[PDB]
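Read through the structure below, which is laid out as structure tokens, and then see the notes.
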Amino acid sequence: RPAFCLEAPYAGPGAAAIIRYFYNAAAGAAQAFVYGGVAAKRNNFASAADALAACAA
């Protein structure tokens, strides 16, 4: 899969509490996490569907 999909989710430094999805290769599933609203990495999607389409080849 895309290497970015293997990275840990990144909340980043922002003050917001936004629910986003990362692909968790360990679980083989998309999972919610809290994103702070700034400096997203690529393993960070609006929905489980978007995460699987990008990362679950």
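Structural remarks
- For the chain, projected area of the alpha-carbon convex hull averaged over all directions, nm²: 3.3
- Normalised contact order of the chain, rounded percent, pairs of Cα under 8 Å and 6 or more residues apart: 40
- Label separation (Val38 vs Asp50): 2.1 nm, computed from points 7 Å beyond Cα along the C-beta direction.
A quick note on method: Cβ atoms are made from the backbone with ideal geometry, for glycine too, and the neighbour counts reach across all protein chains shown. Bear in mind that the values in this text are calculations on the coordinates, not laboratory data.
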